[PDB]
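Structure data follow from structure.pdb (PDB, N, CA and C atoms):
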```pdb
MODEL        1
ATOM      1  N   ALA A   1     -20.373   5.508  75.629  1.00  0.00           N
ATOM      2  CA  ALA A   1     -21.445   4.592  76.052  1.00  0.00           C
ATOM      3  C   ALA A   1     -21.906   3.743  74.873  1.00  0.00           C
ATOM      4  N   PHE A   2     -22.204   2.469  75.122  1.00  0.00           N
ATOM      5  CA  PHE A   2     -22.684   1.501  74.128  1.00  0.00           C
ATOM      6  C   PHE A   2     -24.220   1.451  74.049  1.00  0.00           C
ATOM      7  N   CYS A   3     -24.771   1.048  72.902  1.00  0.00           N
ATOM      8  CA  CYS A   3     -26.215   0.862  72.714  1.00  0.00           C
ATOM      9  C   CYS A   3     -26.735  -0.469  73.299  1.00  0.00           C
ATOM     10  N   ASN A   4     -28.001  -0.494  73.723  1.00  0.00           N
ATOM     11  CA  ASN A   4     -28.702  -1.680  74.229  1.00  0.00           C
ATOM     12  C   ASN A   4     -29.324  -2.495  73.072  1.00  0.00           C
ATOM     13  N   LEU A   5     -28.478  -3.051  72.198  1.00  0.00           N
ATOM     14  CA  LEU A   5     -28.915  -3.703  70.958  1.00  0.00           C
ATOM     15  C   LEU A   5     -29.789  -4.950  71.198  1.00  0.00           C
ATOM     16  N   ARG A   6     -29.447  -5.821  72.161  1.00  0.00           N
ATOM     17  CA  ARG A   6     -30.230  -7.033  72.490  1.00  0.00           C
ATOM     18  C   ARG A   6     -31.652  -6.719  72.982  1.00  0.00           C
ATOM     19  N   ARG A   7     -31.827  -5.608  73.709  1.00  0.00           N
ATOM     20  CA  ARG A   7     -33.139  -5.034  74.077  1.00  0.00           C
ATOM     21  C   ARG A   7     -33.880  -4.467  72.853  1.00  0.00           C
ATOM     22  N   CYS A   8     -33.167  -3.802  71.944  1.00  0.00           N
ATOM     23  CA  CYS A   8     -33.710  -3.168  70.735  1.00  0.00           C
ATOM     24  C   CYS A   8     -34.215  -4.178  69.685  1.00  0.00           C
ATOM     25  N   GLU A   9     -33.452  -5.236  69.385  1.00  0.00           N
ATOM     26  CA  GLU A   9     -33.834  -6.283  68.413  1.00  0.00           C
ATOM     27  C   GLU A   9     -34.999  -7.185  68.862  1.00  0.00           C
ATOM     28  N   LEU A  10     -35.413  -7.058  70.121  1.00  0.00           N
ATOM     29  CA  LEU A  10     -36.612  -7.641  70.691  1.00  0.00           C
ATOM     30  C   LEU A  10     -37.757  -6.610  70.677  1.00  0.00           C
ATOM     31  N   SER A  11     -37.517  -5.382  71.146  1.00  0.00           N
ATOM     32  CA  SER A  11     -38.588  -4.391  71.334  1.00  0.00           C
ATOM     33  C   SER A  11     -39.149  -3.897  70.003  1.00  0.00           C
ATOM     34  N   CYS A  12     -38.268  -3.626  69.036  1.00  0.00           N
ATOM     35  CA  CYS A  12     -38.668  -3.336  67.664  1.00  0.00           C
ATOM     36  C   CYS A  12     -39.294  -4.563  66.984  1.00  0.00           C
ATOM     37  N   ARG A  13     -38.831  -5.783  67.306  1.00  0.00           N
ATOM     38  CA  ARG A  13     -39.409  -7.019  66.739  1.00  0.00           C
ATOM     39  C   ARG A  13     -40.861  -7.213  67.186  1.00  0.00           C
ATOM     40  N   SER A  14     -41.193  -6.833  68.418  1.00  0.00           N
ATOM     41  CA  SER A  14     -42.575  -6.839  68.927  1.00  0.00           C
ATOM     42  C   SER A  14     -43.497  -5.806  68.244  1.00  0.00           C
ATOM     43  N   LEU A  15     -42.946  -4.936  67.377  1.00  0.00           N
ATOM     44  CA  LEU A  15     -43.644  -3.990  66.493  1.00  0.00           C
ATOM     45  C   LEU A  15     -43.509  -4.352  64.997  1.00  0.00           C
ATOM     46  N   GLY A  16     -42.784  -5.420  64.654  1.00  0.00           N
ATOM     47  CA  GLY A  16     -42.492  -5.806  63.266  1.00  0.00           C
ATOM     48  C   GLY A  16     -41.399  -4.972  62.582  1.00  0.00           C
ATOM     49  N   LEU A  17     -40.404  -4.515  63.349  1.00  0.00           N
ATOM     50  CA  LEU A  17     -39.273  -3.706  62.883  1.00  0.00           C
ATOM     51  C   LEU A  17     -37.914  -4.312  63.280  1.00  0.00           C
ATOM     52  N   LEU A  18     -36.902  -4.044  62.459  1.00  0.00           N
ATOM     53  CA  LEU A  18     -35.499  -4.309  62.752  1.00  0.00           C
ATOM     54  C   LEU A  18     -35.005  -3.350  63.846  1.00  0.00           C
ATOM     55  N   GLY A  19     -34.428  -3.894  64.919  1.00  0.00           N
ATOM     56  CA  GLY A  19     -33.718  -3.122  65.937  1.00  0.00           C
ATOM     57  C   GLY A  19     -32.319  -2.747  65.447  1.00  0.00           C
ATOM     58  N   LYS A  20     -32.050  -1.438  65.366  1.00  0.00           N
ATOM     59  CA  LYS A  20     -30.853  -0.798  64.832  1.00  0.00           C
ATOM     60  C   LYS A  20     -30.157   0.022  65.922  1.00  0.00           C
ATOM     61  N   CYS A  21     -28.885  -0.273  66.182  1.00  0.00           N
ATOM     62  CA  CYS A  21     -28.013   0.550  67.015  1.00  0.00           C
ATOM     63  C   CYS A  21     -27.530   1.771  66.217  1.00  0.00           C
ATOM     64  N   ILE A  22     -27.931   2.986  66.605  1.00  0.00           N
ATOM     65  CA  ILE A  22     -27.426   4.234  66.001  1.00  0.00           C
ATOM     66  C   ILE A  22     -25.989   4.528  66.464  1.00  0.00           C
ATOM     67  N   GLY A  23     -25.684   4.232  67.730  1.00  0.00           N
ATOM     68  CA  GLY A  23     -24.351   4.328  68.336  1.00  0.00           C
ATOM     69  C   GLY A  23     -24.408   4.172  69.858  1.00  0.00           C
ATOM     70  N   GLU A  24     -25.336   4.888  70.494  1.00  0.00           N
ATOM     71  CA  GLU A  24     -25.737   4.737  71.902  1.00  0.00           C
ATOM     72  C   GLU A  24     -27.272   4.679  72.070  1.00  0.00           C
ATOM     73  N   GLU A  25     -28.034   5.110  71.057  1.00  0.00           N
ATOM     74  CA  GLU A  25     -29.499   5.007  70.970  1.00  0.00           C
ATOM     75  C   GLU A  25     -29.982   3.877  70.034  1.00  0.00           C
ATOM     76  N   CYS A  26     -31.234   3.446  70.226  1.00  0.00           N
ATOM     77  CA  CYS A  26     -31.957   2.440  69.437  1.00  0.00           C
ATOM     78  C   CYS A  26     -32.899   3.081  68.392  1.00  0.00           C
ATOM     79  N   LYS A  27     -33.102   2.396  67.261  1.00  0.00           N
ATOM     80  CA  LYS A  27     -34.073   2.723  66.201  1.00  0.00           C
ATOM     81  C   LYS A  27     -34.830   1.466  65.751  1.00  0.00           C
ATOM     82  N   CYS A  28     -36.088   1.634  65.347  1.00  0.00           N
ATOM     83  CA  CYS A  28     -36.948   0.595  64.771  1.00  0.00           C
ATOM     84  C   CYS A  28     -37.229   0.930  63.291  1.00  0.00           C
ATOM     85  N   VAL A  29     -36.769   0.081  62.364  1.00  0.00           N
ATOM     86  CA  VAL A  29     -36.701   0.352  60.905  1.00  0.00           C
ATOM     87  C   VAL A  29     -37.069  -0.884  60.053  1.00  0.00           C
ATOM     88  N   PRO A  30     -37.285  -0.758  58.726  1.00  0.00           N
ATOM     89  CA  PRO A  30     -37.438  -1.906  57.823  1.00  0.00           C
ATOM     90  C   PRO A  30     -36.236  -2.860  57.842  1.00  0.00           C
ATOM     91  N   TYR A  31     -36.483  -4.166  57.686  1.00  0.00           N
ATOM     92  CA  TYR A  31     -35.428  -5.183  57.577  1.00  0.00           C
ATOM     93  C   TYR A  31     -34.709  -5.121  56.215  1.00  0.00           C
ATOM     94  N   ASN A  32     -33.374  -5.160  56.231  1.00  0.00           N
ATOM     95  CA  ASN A  32     -32.511  -5.068  55.040  1.00  0.00           C
ATOM     96  C   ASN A  32     -32.365  -6.399  54.304  1.00  0.00           C
TER      97      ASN A  32
ENDMDL
END
```

Please, can you express the file's structure as structure tokens?
Amino acid sequence: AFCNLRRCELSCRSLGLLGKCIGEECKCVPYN
């Protein structure tokens, strides 16, 4: 199964975080 990256880079952005694909799950983290 693939991660929902386009949903993640918006949802974490609405919190001031980088949306990161772990592999099938999303993470909200500092921008690199």

Practice task
Have a look at atom N of residue 30 of chain A and atom CA of residue 17 of chain A and let me know their distance in Å, one decimal.
Solution key: 5.5 Å

Compile the contact shell of residue 18 of chain A as an mmCIF file with N, CA and C atoms, in the coordinates of the input: residues with an atom at most 8 Å away, counting only N, CA and C atoms, same-chain residues fewer than 5 positions apart removed.
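Writing the result to part-v9.cif gives the following:
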```cif
data_model
loop_
_atom_site.group_PDB
_atom_site.id
_atom_site.type_symbol
_atom_site.label_atom_id
_atom_site.label_comp_id
_atom_site.auth_asym_id
_atom_site.auth_seq_id
_atom_site.Cartn_x
_atom_site.Cartn_y
_atom_site.Cartn_z
ATOM 1 N N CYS A 8 -33.167 -3.802 71.944
ATOM 2 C CA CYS A 8 -33.710 -3.168 70.735
ATOM 3 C C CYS A 8 -34.215 -4.178 69.685
ATOM 4 N N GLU A 9 -33.452 -5.236 69.385
ATOM 5 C CA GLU A 9 -33.834 -6.283 68.413
ATOM 6 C C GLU A 9 -34.999 -7.185 68.862
ATOM 7 N N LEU A 10 -35.413 -7.058 70.121
ATOM 8 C CA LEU A 10 -36.612 -7.641 70.691
ATOM 9 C C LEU A 10 -37.757 -6.610 70.677
ATOM 10 N N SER A 11 -37.517 -5.382 71.146
ATOM 11 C CA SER A 11 -38.588 -4.391 71.334
ATOM 12 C C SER A 11 -39.149 -3.897 70.003
ATOM 13 N N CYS A 12 -38.268 -3.626 69.036
ATOM 14 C CA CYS A 12 -38.668 -3.336 67.664
ATOM 15 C C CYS A 12 -39.294 -4.563 66.984
ATOM 16 N N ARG A 13 -38.831 -5.783 67.306
ATOM 17 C CA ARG A 13 -39.409 -7.019 66.739
ATOM 18 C C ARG A 13 -40.861 -7.213 67.186
ATOM 19 N N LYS A 27 -33.102 2.396 67.261
ATOM 20 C CA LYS A 27 -34.073 2.723 66.201
ATOM 21 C C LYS A 27 -34.830 1.466 65.751
ATOM 22 N N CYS A 28 -36.088 1.634 65.347
ATOM 23 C CA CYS A 28 -36.948 0.595 64.771
ATOM 24 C C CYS A 28 -37.229 0.930 63.291
ATOM 25 N N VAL A 29 -36.769 0.081 62.364
ATOM 26 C CA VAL A 29 -36.701 0.352 60.905
ATOM 27 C C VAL A 29 -37.069 -0.884 60.053
ATOM 28 N N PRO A 30 -37.285 -0.758 58.726
ATOM 29 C CA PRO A 30 -37.438 -1.906 57.823
ATOM 30 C C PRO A 30 -36.236 -2.860 57.842
ATOM 31 N N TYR A 31 -36.483 -4.166 57.686
ATOM 32 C CA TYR A 31 -35.428 -5.183 57.577
ATOM 33 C C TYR A 31 -34.709 -5.121 56.215
ATOM 34 N N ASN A 32 -33.374 -5.160 56.231
ATOM 35 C CA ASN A 32 -32.511 -5.068 55.040
ATOM 36 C C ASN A 32 -32.365 -6.399 54.304
#
```

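Once the PyMOL selection byres ((chain A and resi 24) around 8) is applied to this file, the selection holds residues 1, 2, 3, 4, 5, 21, 22, 23, 25, 26 and 27 of chain A.
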
Taking all listed atoms of segment 4-9 of chain A, build the axis-aligned box, pad each of the six sides by 4 Å, then write its centre and edge lengths in Å to one decimal as lines of an AutoDock Vina configuration file.
```
center_x = -31.5
center_y = -3.8
center_z = 71.3
size_x = 15.0
size_y = 14.7
size_z = 13.8
```

Practice task
Determine which residues of chain A receive a DSSP assignment of alpha helix (DSSP H), computed from the backbone, and state them as a list in words.
Solution key: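 DSSP-assigned alpha helix (DSSP H) residues in chain A: residues 5, 6, 7, 8, 9, 10 and 11 of chain A.
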
Handout entry: Atomic distance atom N of residue 6 of chain A - atom C of residue 19 of chain A, expressed in Å with one decimal
Key =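 Straight-line distance from atom N of residue 6 of chain A to atom C of residue 19 of chain A works out to 7.9 Å.
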
Exercise for the section: Would you list, as JSON, numbers by chain, the residues of chain A that end up in strand (DSSP E or B) under DSSP run on this structure's backbone? Expected result: {"A": [18, 19, 20, 21, 26, 27, 28, 29]}

Atom completion result for segment 8-32 of chain A (N, CA, C and O atoms) as a CSV table (one decimal), in the coordinates of the input:
```csv
chain,number,residue,atom,x,y,z
A,8,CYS,N,-33.2,-3.8,71.9
A,8,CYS,CA,-33.7,-3.2,70.7
A,8,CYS,C,-34.2,-4.2,69.7
A,8,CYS,O,-35.3,-4.1,69.2
A,9,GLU,N,-33.5,-5.2,69.4
A,9,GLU,CA,-33.8,-6.3,68.4
A,9,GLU,C,-35.0,-7.2,68.9
A,9,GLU,O,-35.5,-8.0,68.1
A,10,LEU,N,-35.4,-7.1,70.1
A,10,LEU,CA,-36.6,-7.6,70.7
A,10,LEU,C,-37.8,-6.6,70.7
A,10,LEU,O,-38.8,-6.9,70.2
A,11,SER,N,-37.5,-5.4,71.1
A,11,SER,CA,-38.6,-4.4,71.3
A,11,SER,C,-39.1,-3.9,70.0
A,11,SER,O,-40.4,-3.8,69.8
A,12,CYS,N,-38.3,-3.6,69.0
A,12,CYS,CA,-38.7,-3.3,67.7
A,12,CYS,C,-39.3,-4.6,67.0
A,12,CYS,O,-40.2,-4.4,66.2
A,13,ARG,N,-38.8,-5.8,67.3
A,13,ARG,CA,-39.4,-7.0,66.7
A,13,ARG,C,-40.9,-7.2,67.2
A,13,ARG,O,-41.7,-7.6,66.4
A,14,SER,N,-41.2,-6.8,68.4
A,14,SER,CA,-42.6,-6.8,68.9
A,14,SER,C,-43.5,-5.8,68.2
A,14,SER,O,-44.7,-5.9,68.5
A,15,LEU,N,-42.9,-4.9,67.4
A,15,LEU,CA,-43.6,-4.0,66.5
A,15,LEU,C,-43.5,-4.4,65.0
A,15,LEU,O,-44.1,-3.6,64.2
A,16,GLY,N,-42.8,-5.4,64.7
A,16,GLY,CA,-42.5,-5.8,63.3
A,16,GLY,C,-41.4,-5.0,62.6
A,16,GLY,O,-41.5,-4.7,61.4
A,17,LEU,N,-40.4,-4.5,63.3
A,17,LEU,CA,-39.3,-3.7,62.9
A,17,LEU,C,-37.9,-4.3,63.3
A,17,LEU,O,-37.8,-5.0,64.3
A,18,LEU,N,-36.9,-4.0,62.5
A,18,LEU,CA,-35.5,-4.3,62.8
A,18,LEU,C,-35.0,-3.4,63.8
A,18,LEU,O,-35.1,-2.1,63.7
A,19,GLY,N,-34.4,-3.9,64.9
A,19,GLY,CA,-33.7,-3.1,65.9
A,19,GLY,C,-32.3,-2.7,65.4
A,19,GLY,O,-31.5,-3.6,65.2
A,20,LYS,N,-32.0,-1.4,65.4
A,20,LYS,CA,-30.9,-0.8,64.8
A,20,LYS,C,-30.2,0.0,65.9
A,20,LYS,O,-30.8,0.9,66.5
A,21,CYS,N,-28.9,-0.3,66.2
A,21,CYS,CA,-28.0,0.6,67.0
A,21,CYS,C,-27.5,1.8,66.2
A,21,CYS,O,-26.8,1.6,65.3
A,22,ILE,N,-27.9,3.0,66.6
A,22,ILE,CA,-27.4,4.2,66.0
A,22,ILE,C,-26.0,4.5,66.5
A,22,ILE,O,-25.2,4.9,65.7
A,23,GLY,N,-25.7,4.2,67.7
A,23,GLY,CA,-24.4,4.3,68.3
A,23,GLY,C,-24.4,4.2,69.9
A,23,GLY,O,-23.7,3.4,70.4
A,24,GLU,N,-25.3,4.9,70.5
A,24,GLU,CA,-25.7,4.7,71.9
A,24,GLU,C,-27.3,4.7,72.1
A,24,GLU,O,-27.8,4.2,73.1
A,25,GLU,N,-28.0,5.1,71.1
A,25,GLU,CA,-29.5,5.0,71.0
A,25,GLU,C,-30.0,3.9,70.0
A,25,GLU,O,-29.3,3.4,69.1
A,26,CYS,N,-31.2,3.4,70.2
A,26,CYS,CA,-32.0,2.4,69.4
A,26,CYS,C,-32.9,3.1,68.4
A,26,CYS,O,-33.5,4.2,68.6
A,27,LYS,N,-33.1,2.4,67.3
A,27,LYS,CA,-34.1,2.7,66.2
A,27,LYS,C,-34.8,1.5,65.8
A,27,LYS,O,-34.3,0.4,65.7
A,28,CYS,N,-36.1,1.6,65.3
A,28,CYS,CA,-36.9,0.6,64.8
A,28,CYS,C,-37.2,0.9,63.3
A,28,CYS,O,-37.8,2.0,63.0
A,29,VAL,N,-36.8,0.1,62.4
A,29,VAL,CA,-36.7,0.4,60.9
A,29,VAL,C,-37.1,-0.9,60.1
A,29,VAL,O,-37.2,-2.0,60.6
A,30,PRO,N,-37.3,-0.8,58.7
A,30,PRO,CA,-37.4,-1.9,57.8
A,30,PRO,C,-36.2,-2.9,57.8
A,30,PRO,O,-35.1,-2.4,57.9
A,31,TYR,N,-36.5,-4.2,57.7
A,31,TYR,CA,-35.4,-5.2,57.6
A,31,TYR,C,-34.7,-5.1,56.2
A,31,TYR,O,-35.4,-5.1,55.2
A,32,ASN,N,-33.4,-5.2,56.2
A,32,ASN,CA,-32.5,-5.1,55.0
A,32,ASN,C,-32.4,-6.4,54.3
A,32,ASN,O,-32.4,-6.4,53.1
```
